[PDB]
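Contents: one structure, followed by commentary.
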Amino acid sequence: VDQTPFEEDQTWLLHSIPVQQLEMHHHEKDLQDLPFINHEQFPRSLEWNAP
Amino acid sequence: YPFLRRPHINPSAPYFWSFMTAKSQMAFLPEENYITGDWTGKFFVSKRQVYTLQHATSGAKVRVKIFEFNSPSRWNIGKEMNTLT
Amino acid sequence: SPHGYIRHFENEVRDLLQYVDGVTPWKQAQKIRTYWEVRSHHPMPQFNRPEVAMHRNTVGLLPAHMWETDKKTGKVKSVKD
Amino acid sequence: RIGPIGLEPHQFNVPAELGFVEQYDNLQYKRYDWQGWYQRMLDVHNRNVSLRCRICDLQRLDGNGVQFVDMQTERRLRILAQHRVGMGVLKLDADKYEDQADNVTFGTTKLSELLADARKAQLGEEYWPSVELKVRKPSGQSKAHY
Amino acid sequence: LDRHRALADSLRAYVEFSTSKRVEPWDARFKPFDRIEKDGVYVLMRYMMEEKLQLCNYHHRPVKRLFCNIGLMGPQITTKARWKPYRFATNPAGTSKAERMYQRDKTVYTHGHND
Amino acid sequence: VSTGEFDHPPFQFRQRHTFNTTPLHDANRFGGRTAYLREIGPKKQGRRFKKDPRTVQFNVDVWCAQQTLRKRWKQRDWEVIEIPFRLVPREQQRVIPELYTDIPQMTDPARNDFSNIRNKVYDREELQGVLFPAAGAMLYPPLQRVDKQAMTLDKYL
Amino acid sequence: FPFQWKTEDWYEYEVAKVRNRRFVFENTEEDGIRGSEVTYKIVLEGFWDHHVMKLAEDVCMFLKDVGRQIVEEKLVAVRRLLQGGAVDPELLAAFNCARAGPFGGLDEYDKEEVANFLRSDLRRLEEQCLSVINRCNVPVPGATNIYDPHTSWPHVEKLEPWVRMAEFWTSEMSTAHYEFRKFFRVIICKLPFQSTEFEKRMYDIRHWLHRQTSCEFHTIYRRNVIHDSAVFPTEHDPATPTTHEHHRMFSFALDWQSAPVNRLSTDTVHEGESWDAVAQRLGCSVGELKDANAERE
Amino acid sequence: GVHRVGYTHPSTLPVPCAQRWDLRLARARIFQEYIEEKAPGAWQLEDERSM
Amino acid sequence: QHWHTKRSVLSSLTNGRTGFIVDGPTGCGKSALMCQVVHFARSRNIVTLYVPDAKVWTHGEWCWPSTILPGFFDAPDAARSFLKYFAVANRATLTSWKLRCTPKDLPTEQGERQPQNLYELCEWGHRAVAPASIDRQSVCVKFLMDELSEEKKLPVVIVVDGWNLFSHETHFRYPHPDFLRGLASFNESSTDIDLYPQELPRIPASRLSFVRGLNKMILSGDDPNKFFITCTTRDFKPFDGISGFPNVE
Amino acid sequence: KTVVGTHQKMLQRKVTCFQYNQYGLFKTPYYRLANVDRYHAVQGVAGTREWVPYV
Amino acid sequence: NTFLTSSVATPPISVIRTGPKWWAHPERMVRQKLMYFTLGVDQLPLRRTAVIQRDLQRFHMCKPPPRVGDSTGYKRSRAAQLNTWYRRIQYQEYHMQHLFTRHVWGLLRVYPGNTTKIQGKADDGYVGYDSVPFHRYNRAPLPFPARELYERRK
RNA sequence: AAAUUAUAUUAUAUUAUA
Ligand SMILES: Nc1nc2c(ncn2[C@@H]2O[C@H](COP(=O)(O)OP(=O)(O)OP(=O)(O)O)[C@@H](O)[C@H]2O)c(=O)[nH]1
Ligand SMILES: [Mg+2]
């Protein structure tokens, strides 16, 4: 039993969905600390295409 | 300063089990509520040990870094030592 | 040697689970309890949170015999040990 | 062109590309007592092996005379490899092991497993993948009879 | 000795808050709730949603969820009609005063969840 | 192109309900979804997240994604039925690539049908022989299509 | 004209163009500068943009004279292979390997047809070795454009520099903005054959590079892959199918074996079994069973 | 709305064809894909800042 | 206006259909042409049905189930306004409209006359005290659509602004069955109407008694008398791939 | 599919007993002591202008 | 109206000093014209305000030339005479907007913000659901629920 | 007594009293 994505605004609003409270996490962007302590191991170019 | 990254880290009735406590009840007690290995005895226990039934039942010594818990009761059972002080 | 994510460690997870089941007795693993198993000894272990189902809290949920209340104000005036 | 060649009728020859990175330092980490772990870091960071194959190269005749990848085989390969197929080229980036030899072994194994799963469309029509049609709701002319 | 009875008193105040009846959380000034009690929404609350509103004790979240699930006047009701604020819908049934928001006991620590 | 609000207003002095100025947490903003994040007064874990910019920006991004999802799903007058390859019409007898795999494929450039196959929607009344072989009673009526060559009011007759 | 489109097609175009960035087949069997057999990319990095630009003139002139000498060594061999040669019996056995051909049954190629398939491939080597040699004789120092693939071999392709700025105090007084930066030129060498003599000469560029200027190497070569239909067979679905419960968390280690599955290549003959009865039980032909067991009569 | 997700075997259809769920199961067998049971169908939210 | 003489001409005009539907982009002369043809029809003394906005029926304030039609629904306020305004528009011909299939034992308060005309029927319907008008409009719309379907000699032009809202689902949804089932308490009754919202299947327009009578006149071929000169509306909100929140000012 | 029910709960209790028995297991997050300078003794804060991430 | 909070009053010179930002914003001035056009009312002080600020924004980037000196104060006083003339027409439209909007809000059964007067319904400043429990300047306690300025049946 | 240097914009503050 599953639910479809809603079509009205009041069902999205009144649904008990918690908000973000603590620090958010990403599974690959947690080695890099924050966008201000964006860590780079090697100085490869941002347009570097892997062969 | 970044959000909630300070290295040096309250009564509430509807948020009793959910404020400065574990999110789920399925999870087990932390590491300080159990004996890891061979110990000579600790001078004080950590602040994250959950007050269990045997804390108020036996009552040998409760030393929290100080703090002396000599008044045992059952309203503290299920809660860590942070909100008890 | 695998590298990166834990999904690439197939044999290492198997060897770790086999070693953990090998060294650990069951008479030690009985003593570890969950949070609700400790909270069951509290006089009021269960109540609804005010986010979803706050109206479903009933008057039978209180441990009213474990305290002494005031008759005029209605507040709790004493607690039982 | 290196690689083994299969002459048995149960061995198909796939001409495929392999992309990989070689990197050796020559300025500061050329030699000293750090040189070992820095070279290992450069090698394990360059552990990616990109194995690429055109689907048009897979549409040849096998050793038994039947075509290797037909239309329904191509559809099942496109559905089983969703984002790994792009612009008519099946590409697999093997990053699992630290060495590139074990990575190209794992990539060859995964390519053969994907090909063996996609070849099931030649067994029958019950392995042909279903076409997903966006069938409309009943129209207003049909809803007028409600 | 005082913290245990204070926590017990706060939990008792929270449960008696959860039990007692509230005022109507909708604003009677804004449409569709502005209409007379003999026509419109107050008809449909009288014959279909009467026991459902009487059982939930007129808290704003179950009343708004029952108005969402009743379907015969959504989805425009919970968005277009203005509702009373969170501290104003907190007030108990039959208040008829704005001082009653500040008349309640503040010694408990229910975070605004007492009568 | 859309002219709705996406970003959150920044943090500054406490605004007042004046001309060209709304308070930072108002019930008019974001459908009142700032009611979760507001403080009515003019515990640190419940007070610090209401003032963080990344937290409130992530929350309004989630709410705008919910609005985009409900408006994309309210557009749907169809549903996806898994139909076998034999009974499908001639435009779908080809190798259809996955989403974001190839160039957006035209339907039929030879038959002068230049449109995306992924946006094609087929009528239910034309597939009753495929979707309903077990009924045999023609559950949906045939679609009446107008005669384009008939002299009607549109052609001054 | 003018360009007006649906927004859903524009949303689908812009995601498909970025996800298919490196979905490219470099070594294709084709004409000039697009088509090749191996592709070498030498990514040079240095601290100054004129340092990498002057290095990319030093390496491209080096790989032009070396690469012309190697392709001339291959062109002098291809023109001997086109004058005449004897067909390899292992090459002839590779064409007559399939059971059924395109025309039904065994397609028996003779030494005329197999040498015809070898001649038509060596004619492509001459048209592709002359394409590299003619582009190695063009860049005179009077008129040199090493950034164009139609003009010079090898050509240099631009790459975006890596730039990373730092925001730090100069004291709470002021903020300084200094940026680390290094610049990149890549060199694309497309050869229509695999040469280890060139790969050896390409790897030793690292020993005479410029000051504080390093490099990394990319190699995209063609390699034959065998899909064995006996190690990885195409079989029916099982009677009891798999469900989502076989794909739980930690079902990658406790539910599934690694590919491939071990299938037994040895069996034991039972009591009343014959040559036609074992082959029925193993699902093979009787003559195919005796060929695997030619020791036992 | 709230519904139960259906499955039709190819032996039940008048014309048999490979479904998409067993193709998903085959893809999860090949690439060792974790299938989350408690993933709700209503929560399909794209990262619209990037997409 | 004289259809029985030019019946083959009107059949050739509509290509045998019951009427015309006018479509185009938004902001064209659709509703303006609907008011123009209502002017043309009522200036020539023809009985004219005018729904000036279909979004008061389908996208209305509230939905109520039909009193005498099982499984059908009603928009009560739009029906009261329609039964008022159509009666005061066509009083000239509705007073001469004799009731053919109408019961004469209608519920009637003290001092009120039983309706003998169709104008008297709509005056019985819309002129009432709340909440008796809520069921009086249902009975009046049912018997008005019944009385319309029997007249085969008087031409009745029916003009609807926004027929595309009468051809798909009205924005009301069906109520949750726990509302009608009955509850003792909320804690142990296996229900979630107070905990979580959910979207039930949406009510189509054919389940409204007004559009039921309209589709009954449309689909049944025994009515060569009703000319449906209607149009569509494209008044909907824009959506171009993304959507933030609408600024309220 | 192989390990379900009591075997899974017993295995979770046994791995919890194994996890708690490791004296000195590094469970500290990385950002708590990622602001250590090597040339001088001044302590900065990661996330502010008192620290640069590359050098 | 959905803005029911307590508000802060502003002097009319600070409103018109915003210019093209809020006061003579072209989207706002258009929907003020639709209010007057609906009532069958000529938009003459609004058209007077738009024609002034259309030309005022046209030269607002030019620098004024330095005046070397005049014997009498006549060209300086004429430039100040037209300057205070333009403020008084914009003061009239500032009153004409607040006059008609409070008159339309009494017709559409629209409840205004806190301490806002509607001439037909609430002669005093209407207050509903304020943070202060009493009336801020009438010194009267507020009842629960809020005061209804209109009848019930919509 | 002129030329204008003038920034200008809007908001906040305290043991009410614990
Ligand atoms: N007087 C008059 N006005 C017209 C005429 N044609 C168009 N208009 C104007 O065009 C505008 C559009 O009128 P509508 O018919 O309601 O627009 P629409 O095509 O229905 O647009 P949607 O409601 O979104 O479907 C009206 O406001 C009229 O002012 C006409 O023939 N006569
Ligand atoms: Mg219109």
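Structure values in brief
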item: Listed peptides E:103-115, K:76-88, B:41-53, E:59-71 by packing density, highest first (mean Cβ within 10 Å); result: E:59-71, E:103-115, B:41-53, K:76-88
item: Calculated log₁₀ intensity ratio I(q)/I(0) where the Debye formula runs over C-alpha points of chain K, q = 0.15 Å⁻¹; result: -0.93
item: Area projected by the alpha carbon convex hull of chain C, averaged over all directions, nm²; result: 11.3
item: Ranked list, fewest to most other Cβ atoms within 10 Å of each Cβ, for G:63, G:130; result: G:130, G:63
item: Residue pairs, from the table H:38/J:9; A:29/J:14; G:17/G:74, whose Cα atoms sit over 29 Å apart; result: A:29/J:14; G:17/G:74
item: HN-Hα J in Hz across region G:192-206 - Karplus 6.51, -1.76, 1.60, θ = phi - 60°, x for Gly and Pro; result: x, 5, 9, 10, 6, 5, 7, 5, 5, 6, 6, 6, 8, 6, 5
item: Cα gyration tensor shape for chain I, rounded if a/c is under 1.5, else prolate or oblate; result: oblate
item: From phi via Karplus (6.51, -1.76, 1.60), per-residue ³J(HN,Hα) for region D:78-84 in Hz, x at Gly/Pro; result: 5, 6, 6, 10, 6, 9, 7
item: Nearest-20 debye value, the protein assembly as shown charge dipole, Cβ charges on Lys, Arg, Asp, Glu; result: 8460
item: Note, ³J(HN,Hα) from phi for region G:236-252, Karplus 6.51, -1.76, 1.60, rounded to Hz, x at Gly and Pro; result: 6, 6, x, 6, 8, x, 7, 10, 6, 6, 7, 10, 7, 6, 6, 8, 6
item: Anchor residue E:38: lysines whose Cα lies under 16 Å away (excluding residues fewer than 8 positions away in-chain); result: K:154
item: When region I:3-108 is reduced to its Cα atoms, the Kirkwood hydrodynamic radius in Å; result: 17.2
item: Euclidean distance between Cα centres, region G:157-235 to region C:1-37, Å; result: 40
item: Over 21 Å between alpha carbons, listed pairs F:71/F:120; I:55/K:121; D:120/J:1; E:31/E:64; C:72/E:106; result: I:55/K:121; D:120/J:1
item: Per-selection Rg to Rh, chain F - Cα, Kirkwood hydrodynamic radius; result: 1.20
item: Placed amide H near residue K:116: partners under 5 Å, 5+ positions off or other chain; result: K:126
item: Using alpha-carbon coordinates, inclination of helix H:21-31 to the longest axis of chain H, degrees; result: 70
item: Over region G:214-297 - Rg/Rh using Cα atoms and the Kirkwood inverse-distance radius; result: 1.17
item: 0 to 90° range, to nearest 10: angle between helix K:75-107 axis and chain K longest Cα axis; result: 20
item: For E:15-25, mean number of other protein chain Cβ atoms within 10 Å; result: 4
item: Loop-resident sites, region G:201-297, for chymotrypsin sites (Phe, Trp or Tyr not before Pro), counting at most 10 other Cβ within 10 Å (DSSP); result: G:208
item: Local electrostatic count at residue I:67 - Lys and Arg +1, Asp and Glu -1, tallied over other residues with Cβ under 12 Å; result: 0
item: 10 Å-binned pair-distance histogram of region K:65-138 (Cα, whole percent); result: 16, 27, 20, 14, 13, 11, 1
item: Cut-off under 5 Å, modelled amide H: who pairs with residue D:86 long-range; result: D:91
item: Kirkwood Rh, angstrom, chain J [1 / mean 1/r, Cα pairs]; result: 15.3
item: Shape call, chain G: gyration tensor on alpha carbons, a/c limit 1.5; result: oblate
item: Neighbour-limited loop hits for trypsin sites (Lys or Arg not before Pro), region G:48-130 (at most 13 other Cβ within 10 Å; DSSP other than H, G, I, E, B); result: G:99
item: The protein assembly as shown - Rg and Dmax from Cα coordinates, angstrom; result: 40.7, 138
item: Max mean-square fluctuation residue, GNM over chain I, Cα-Cα springs under 10 Å, options I:47, I:22, I:159; result: I:22
item: Nearest-0.05 FRET efficiency for residue G:230 and residue G:296, computed from C-beta distance (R0 22 Å); result: 0.50
item: Rounded to 10°, Cα long-axis angle of helix E:60-69 versus longest principal axis of chain E; result: 30
item: Beta bridges per DSSP with both ends in the protein assembly as shown, % antiparallel, nearest 5; result: 85
item: Listed residues C:18, C:46, C:30, most fluctuating in chain C (Gaussian network, C-alpha, under 10 Å); result: C:18
item: Cα-based Rg of region B:1-62 normalised by 2.2 N^0.38 Å, two decimals; result: 1.44
item: In region G:20-77, the GluC sites (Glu not before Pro) that fall in loop regions by DSSP, at most 13 other Cβ within 10 Å; result: G:30
item: Neighbour-count order for C:41, I:176, fewest beta carbons within 10 angstrom listed first; result: C:41, I:176
item: Amide H contacts under 5 Å for residue G:46, placed H, 5+ residues apart; result: G:183
item: Share of Cα-Cα pairs in chain D lying beyond 28 Å, as whole percent; result: 42
item: q = 0.19, 0.23, 0.26 Å⁻¹, chain A: log10 I(q)/I(0) [Debye, one scatterer per Cα]; result: -0.82, -0.99, -1.13
item: Residue exposure sequence - B:4, A:46 - by fewest surrounding Cβ within 10 Å; result: A:46, B:4
item: Of I:28, I:140, I:63, the one that fluctuates the most in a GNM where chain I has Cα springs shorter than 10 Å; result: I:28
item: Debye log10 I(q)/I(0) for chain E, one point scatterer per Cα, at q = 0.15, 0.18, 0.20 Å⁻¹; result: -0.72, -0.94, -1.10
item: For region G:1-29 and region K:89-137, distance of Cα centres in Å; result: 56
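Here, each number is a calculation from the coordinates, and none is a lab measurement. Cβ sites come from the backbone with ideal geometry, for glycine too, and all protein chains shown count toward neighbours.
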